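Engineer: got a structure for you, letters missing:
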Ligand SMILES: CC(=O)O[C@H]1C(=O)[C@@]2(C)[C@H]([C@H](OC(=O)c3ccccc3)[C@]3(O)C[C@H](OC(=O)[C@H](O)[C@@H](NC(=O)c4ccccc4)c4ccccc4)C(C)=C1C3(C)C)[C@]1(OC(C)=O)CO[C@@H]1C[C@@H]2O
Ligand SMILES: Nc1nc2c(ncn2[C@@H]2O[C@H](COP(=O)(O)OP(=O)(O)OP(=O)(O)O)[C@@H](O)[C@H]2O)c(=O)[nH]1
Ligand SMILES: Nc1nc2c(ncn2[C@@H]2O[C@H](COP(=O)(O)OP(=O)(O)O)[C@@H](O)[C@H]2O)c(=O)[nH]1
Ligand SMILES: [Mg+2]
Ligand SMILES: [Zn+2]
């Protein structure tokens, strides 16, 4: 029934504090109410401390807040092997101590930031140690994969080609939200050149609320977590769909809010609104899980979608007749009291697997090579319990992820 | 099936002394022979043993039979040492008093069976040493009498 | 392996007296032979020893074998003394009653082993001195009788 | 052994592979019906029957352990010297469109091992040992013979020594009425 | 020995070096697969396997101590008489673009040592000693023979002295029925 | 986390006074007083530079190494001079001769053990050590020689903790010493092989940047020092503050050093406007990147425009949009694709603290790893040879127990170091 969550890496923790905020906010549980149902991991104390100093301070147990005073290191190796190792046990312990206390759970919603040290590496083995300790569950990892041109870390790809290959054979469904492609939404669909990280977080903090929160919440067309991976992954590769939200209108500027279904659903497939720089440049969808929430008439959907199924310029895979999982919830969304999110009475958090990422992975793989081609910051990992193996052998890994996402599509 | 002369600890010491060399022996430990034997460690031991006894080299473990007719010869060299290793162990282990050797012994070793084998080899190796002394003494006697021949003609 | 006749302190004194000369011997101290021997000090000792016994010179330690076929002969002279040193020590140490000498003894010396070697050399050196006296006495006897020959013809 | 020389994404080559597998199974008495058609996208259950059959030519009477095949099958290909790693997830989806080409290729490579190993059971020297033995073929004969005796409780080796001396007289023309007749 | 005569920054010469290394490894039974490709930028782990192999031709059964290779490898090249210092930091980055040319060069020089040393185990005189010995080849023979006897518990050396006098009569035609017959 | 500053030599020392003059105020620590901190955040992370004893006395955890009393006796007899525990003063009343050899082999080598002693007392302080900060000048004895030794020892004692080095490489135009290239070439040598992050500052790159970027007409040393100390505060201490995207010495190290040499950077501060007038506030952000990335404004002597970059780390510290930050960086990376090296898709390492420099609204430290610094070690290396050739003031070295092969060594080493760096400019 439940779904634990492990927010790993400063980012996965910032986003965590955010997604965790939106929660109580739409459940009437102020600062000090019940008890969360997740944990927080980081090898840099000062960040988890922010959850220990700032807002939502006492809504957590100093037990579900793991820290390694030591060093973060923007390098996979160190975070996965060398350092990150020391903490893992302890980490697990909570996701085994928190996993027990419950009643027939469904899985762990993992929150990490692909291209980091504590986020890429660590998790790599966290999800790793999970796939074995609970192979019998769902492993949906919600990632924030590398901005297409606006990356931060100098190594980023090293850290992301490595978190992909190690987690690939362990996740159930990996959701992806592109940090940059979300900015566009903040520039083009909300207008603000002042987007603090605290915003992107409010956003995913939204799209995510549509996943677990409301879905695990009764409705006219419930959709379990398992449901996802089933209706969402055509193949064992921990396939990565993309998150998209519909009413991303500004709560100040424009106001046409009352945008009946027929509209908000069409607003999902236009590439300028998908929290991912993977513009459907060719990527044929192969399965979409349209999660609606608020006042929505099933016919409105079983029509708004029909209209789409016949737009053709939206070309769905061949081997897939119908790939539209319609998830209907009741309670409308719940916008921050005064952030910058419109606040409509219905939304569409549609996520999907698109042959599109054939790109995004490509463009991120290429990156890697360029540097590896010169070993660039390699000495930083080797000296951290890794080898020419793990790199070269994780490169070959993704290689067959560029072929995979190619074969499962583009062909009939 | 009598009891093996040696347990794993002793077996390591005899392999170091008599079969493996330098780094190879120094790296060899109990845990890569029991309770689950690392097939690639046994490969090295069984191979070195054969080399010592039959005077044979690494290269001989890469011989390709002529009537195989495979399509990609270069893709098969990973398998050659196994195939040859098996063919020779067929002939050698009966000498070391082991008659029930099977291909699965190389591909998927069991603790007790492989400790029985290594004892049999180690035993035989101690015996041929005793024979070497006798043999080399006779050899020195005849090649020295073949010299007192050319020194007399 | 019996016990070496001398400990390091005595070994230094015998090397000064019988093998090294002037500055070379004066510089020689316990700590460059134990507990970790300075390979270049042993090089000098082993080399001088060979010179004394075989009547051989520094130049002989720079002989290049003819069928080597190296690309940069002048870049190899650092190695030549080592290679030759080893080739001769192969023949000499068995004479000084040392049979287990190995190349690593020059490149990477151990305290006890090298003190065993230096004792064996020092021992042999004392013995050939005793033989020198006997030999030179016979030599003086025969080259003096070869003179009483030309003084009589 | 690093980059695959094989045209794995050429239809004809994958079709050639399937043909070889089909042929081999049929010609070696495989118990279940197979055809070019039935081998285009086998079920995992099928694959495991086929793999078990082929591998049984190398390990007689072999059955794969009842769980963890996704670990075992790849391990076996590794231990046989297959130059290319087979992923855990390949194993769950062996018959899938972008997967079967790699797997059928692997099976046909295994078939090639069988061929090599079968030829090896017909025909495929070391005269000196690296611990100072000369005429090793003579020493081994001597040593083996002594061992049989020893293993029979024998305390001395006169028979074996006598025979060794006979052969050593012939290897270097020498005895008594030769070395002292001169 | 001071300034390197070798064209270390000529691609062809570094390629020539790699070729020599590749050839040598393959032709001397090196256990791991190597190719012109695999040797362009080896890992430190690889380098250490390659170095250990090569050096083992000089120090049989050699393994490098389990820590401090960055100190050891350079020390060994120094003690072998390599004219050029190899830095501690070279050792951590052996395969790196501006480093491998120096290191491959060093390995090929080591290979040349092996060649020199192997030839030396075939073929490569001192008739007078610098402490007054004349006919040292005769003295050494005498001295060695006396030592064997001595080392056997012998107290006198009549056999050896007698043999020495035989040879000294032949070196200067002289005895008794010669020096007094005149 | 933590660090332990090291004031090697006079310069490195003089600067200590300025680095601590600043940092303290950027942490509300009065002379011997405690934390008067205008806020409450300038305390949760102080540890990085102090120690708890009394309860109002957080003492700087640095080391003051010098063979010239008068110096430390000027730093200890002035302003903040009375905050260092006397134990910190590792003096060498000997003759602090201006010889690299006199402070590295003969005179300094003695005072070393009595230093390492303390560098251990401070390291084994508490919690977890990160690395050590090192200030000095590569143009003197107590600086290049003795300080370059202090590290060679430090890096043997904790090859784990990092080593940032702040070197005052010998300014071009005019050398404030004569053997300079001797004391220098010899210290850079030691650097390229121990510390793993070096920030090279040039007394004349400063003047310039201080007389034209600050209409400042009488730039006393105190100033230069002050400007420098401003950058080293943005680097370390800063990142030991919260941030949307924070980093720390390692991130900085693990994102800036592609190849183990250690590589040297060139720090640049953001708001560098003259007092009154200039107080333009054009600091929205494009104004900071405008700044930081221009030629002038690089504390180094060389000009970036003269050679690609390998890495860059804009360590900003003042509330801004992870969008207008992450964005700007890009255009910057495209307007100058020319010089920014290619085999690194994203050279830049954007870092973002929150709280800014006490009195300012928005700043951003720049730590550039450009190939341009090739054209400096060249300089140095040249000066050497031109004088080495004639063994100029060499007797002051050898006569101090040195080697004719020692100088050879360094030059070459550091000389090769020039070579390599070009391997990427191409
Ligand atoms: C009324 C007002 O706003 O005054 C400003 C000011 O006029 C200006 C010109 C300051 C001023 O700085 C200088 O004039 C300066 C003098 C020598 C060397 C370098 C700089 C200022 O003195 C410097 C001072 O800086 C700080 O307070 C920072 O926290 C800074 N602190 C110190 O450097 C410091 C100085 C003395 C004692 C202790 C610390 C800092 C920067 C980075 C990291 C840590 C601390 C500021 C904003 C100002 C004055 C006071 C006029 C500027 O510099 C800095 C470092 O902020 C020079 O260009 C900037 C722009 C500022 O607006
Ligand atoms: N959406 C979003 N992205 C973030 C946030 N914080 C960081 N990121 C992104 O995630 C990546 C940063 O990872 P880091 O913060 O460097 O590292 P980490 O993953 O927390 O772990 P360490 O490297 O060990 O510190 C960059 O690509 C950032 O753009 C956040 O709050 N929200
Ligand atoms: N920025 C700066 N440079 C200094 C200071 N003091 C000396 N220098 C520089 O340091 C060099 C001289 O070395 P010095 O510090 O006297 O050496 P030491 O005292 O013997 O270790 C010259 O290049 C000076 O410009 C200072 O307070 N600030
Ligand atoms: Mg972090
Ligand atoms: Zn409206």
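Structural biologist: Yep, it's here. Numbering: from 1, shown residues only, chains lettered A, B, ... in the order given. Ligands and ions are numbered 1, 2, ... in the order given.

Engineer: Contacts only, for the closest residue to residue A:156 other than its chain neighbours.
Structural biologist: Leaving out its chain neighbours, the residue that sits closest to residue A:156 by C-beta to C-beta, 6 or more residues apart in numbering or on different chains is residue A:115, at 3.9 Å. All C-beta atoms are positioned from the backbone trio N, CA, C, and that covers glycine. The neighbours of residue A:115, taking C-beta atoms under 8 Å, 6 or more residues apart in numbering or on different chains as the test, are A:145-146, A:151-153, A:155-157, A:159-160, A:163.

Engineer: and residue F:349, what helix or strand is that in?
Structural biologist: Element membership for residue F:349, per DSSP states H and E: strand F:348-353.

Engineer: does ligand 2 sit close to that strand?
Structural biologist: No - against ligand 2, strand F:348-353 shows no contacts by C-beta under 6 Å from any ligand atom, the least distance being 8.2 Å.

Engineer: what secondary structure does the residue nearest to residue A:156 sit in?
Structural biologist: coil (DSSP: H, G, I helix; E, B strand; the rest coil).

Engineer: Quick check: longest strand in chain F by residues?
Structural biologist: strand F:309-317 (DSSP state E).

Engineer: What's the first helix or strand after that one?
Structural biologist: helix F:322-335.

Engineer: Can you tell me how far residue A:59 is from residue A:24?
Structural biologist: Counting by C-beta to C-beta, to the nearest Å, the gap from residue A:59 to residue A:24 is 7 Å.

Engineer: same question, residue D:115
Structural biologist: 68 Å.

Engineer: Just give me the longest helix of chain B.
Structural biologist: Using DSSP state H to define each element, chain B has its longest helix at helix B:111-145.

Engineer: Centre of the chain to the helix or strand following it, how far?
Structural biologist: On the C-terminal side of helix B:111-145, the closest following helix or strand by DSSP H and E is helix B:147-150. Chain-centre distance of helix B:147-150: 38 Å, with C-alpha atoms, centre = their mean, to the nearest Å.

Engineer: Please look at residue F:56 and residue F:33 and confirm they touch.
Structural biologist: Yes - between residue F:56 and residue F:33 there is a contact at 6.3 Å, judged by C-beta atoms under 8 Å.

Engineer: for chain F, what spans make up the strands?
Structural biologist: Secondary structure of chain F by DSSP E: the strands cover F:5-8, F:62-66, F:89-91, F:131-136, F:162-167, F:197-199, F:264-268, F:309-317, F:348-353, F:364-370.

Engineer: among those, which is nearest residue D:175?
Structural biologist: Residue D:175 sits nearest to strand F:162-167 of all the strands of chain F, at 81.7 Å, using C-beta to C-beta.

Engineer: The closest one pairs with which strands, and in what direction?
Structural biologist: strand F:131-136 (parallel), strand F:197-199 (parallel) (DSSP bridges).

Engineer: could you check the angle strand F:364-370 makes with that strand?
Structural biologist: Angle, strand F:162-167 to strand F:364-370, by axes from the mean of the first three to the mean of the last three C-alpha atoms, to 10 degrees: 90 degrees.

Engineer: what about strand F:162-167 and ligand 3, any contact?
Structural biologist: No - interface with ligand 3: strand F:162-167 contributes nothing (C-beta under 6 Å from any ligand atom), its closest point being 10.0 Å away.

Engineer: Would you mind getting the angle between that strand and strand F:264-268?
Structural biologist: Using the same axes, to 10 degrees: strand F:162-167 against strand F:264-268 is 70 degrees.

Engineer: domain assignment for chain F?
Structural biologist: F:1-258, F:259-372, F:373-426 (CATH domains of a matching chain).

Engineer: could you dump these to CSV with distance to residue C:73 and mean neighbour count?
Structural biologist: Output for those, formatted as CSV (distance: least, C-beta to C-beta, whole Å; neighbours: other C-beta atoms under 10 Å in any protein chain shown):
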stretch, distance to residue C:73, mean neighbour count
domain F:1-258, 33, 21
domain F:259-372, 35, 20
domain F:373-426, 26, 17
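
Engineer: now those in TSV, with distance to residue A:173?
Structural biologist: Shown next, in TSV, are the domains of chain F (distance: least, C-beta to C-beta, whole Å):
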stretch	distance to residue A:173
domain F:1-258	27
domain F:259-372	27
domain F:373-426	41
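
Engineer: So for residue C:48, which of those sits nearest?
Structural biologist: Across those, closest to residue C:48 is domain F:373-426 (C-beta to C-beta), at 26.9 Å.

Engineer: wait, does the closest one contact chain E?
Structural biologist: Yes - interface with chain E: domain F:373-426 contributes F:413, F:419-420, F:423 (C-beta under 8 Å from any C-beta of the partner chain).

Engineer: Tell me the secondary structure of the nearest residue to residue B:69 once chain neighbours are set aside, please.
Structural biologist: Closest residue to residue B:69 apart from its sequence neighbours, by C-beta to C-beta, 6+ apart: residue D:115 at 6.7 Å. Following three-state DSSP, residue D:115 is assigned to helix.

Engineer: Residue D:115 - how many residues pack around it?
Structural biologist: 19 (other C-beta atoms under 10 Å in any protein chain shown).

Engineer: quick one: it and residue B:72 touch, right?
Structural biologist: No - using C-beta under 8 Å, residue D:115 is not in contact with residue B:72, being 12.0 Å away.

Engineer: what about residue A:214, which helix or strand?
Structural biologist: Secondary structure (DSSP H and E) places residue A:214 in helix A:197-215.

Engineer: by contact count, what packs against that helix?
Structural biologist: helix A:9-25, strand A:107-112, strand A:140-143, helix A:179-188, strand A:242-244, strand A:285-294, strand A:346-354 (3 or more C-beta pairs under 8 Å, 6 or more residues apart in numbering or on different chains; DSSP states H and E).

Engineer: which residues sit against the fourth one?
Structural biologist: Residues outside helix A:179-188 that contact it (C-beta under 8 Å, 6+ apart): A:144, A:146-150, A:192-193, A:195, A:199-200, A:203-204, A:248, A:272-278, F:323, F:326-327.

Engineer: again, only using 6 Å
Structural biologist: Residues from elsewhere that reach helix A:179-188 (C-beta atoms under 6 Å, 6 or more residues apart in numbering or on different chains): A:144, A:147-148, A:150, A:192, A:195, A:200, A:203, A:248, A:272, A:275-277, F:323.

Engineer: Stretch F:281-297 and chain A in contact?
Structural biologist: No - judged by C-beta under 6 Å from any C-beta of the partner chain, stretch F:281-297 stays clear of chain A, getting no closer than 9.7 Å.

Engineer: That stretch: how far from the chain's middle?
Structural biologist: 21 Å.

Engineer: Spatially central residue for chain D, please.
Structural biologist: residue D:117 (4.6 Å; C-alpha atoms, centre = their mean).

Engineer: ok so, going back, among the contacts of residue A:115, which are located in helices?
Structural biologist: A:157, A:159-160, A:163.

Engineer: Restricting to the residues you listed, which residues neighbour chain B?
Structural biologist: Of the ones in helices among the contacts of residue A:115, not one also sits near chain B (C-beta under 6 Å from any C-beta).

Engineer: Show me which residues of chain B sit near chain E.
Structural biologist: B:21-23, B:26, B:58.

Engineer: Pull the contacting residues for residue F:62.
Structural biologist: Counting by C-beta under 6 Å, 6+ apart, residue F:62 touches F:5, F:7.

Engineer: Quick check: the residue of chain D nearest chain A.
Structural biologist: residue D:98 (3.7 Å; C-beta to the nearest C-beta).

Engineer: Correct me if wrong: residue A:204 contacts residue A:177.
Structural biologist: Yes - look at residue A:204 against residue A:177 with C-beta atoms under 6 Å: they come within range, at 4.9 Å.

Engineer: Neighbour count for residue A:59 and residue A:24, which is higher?
Structural biologist: residue A:59 (19 against 16).

Engineer: Make sure that one is indeed in a strand.
Structural biologist: No - using three-state DSSP, the assignment for residue A:59 is coil, not a strand.

Engineer: Any figure for the gap between it and chain B?
Structural biologist: Using C-beta to the nearest C-beta, to the nearest Å, one gets 48 Å for the distance from residue A:59 to chain B.
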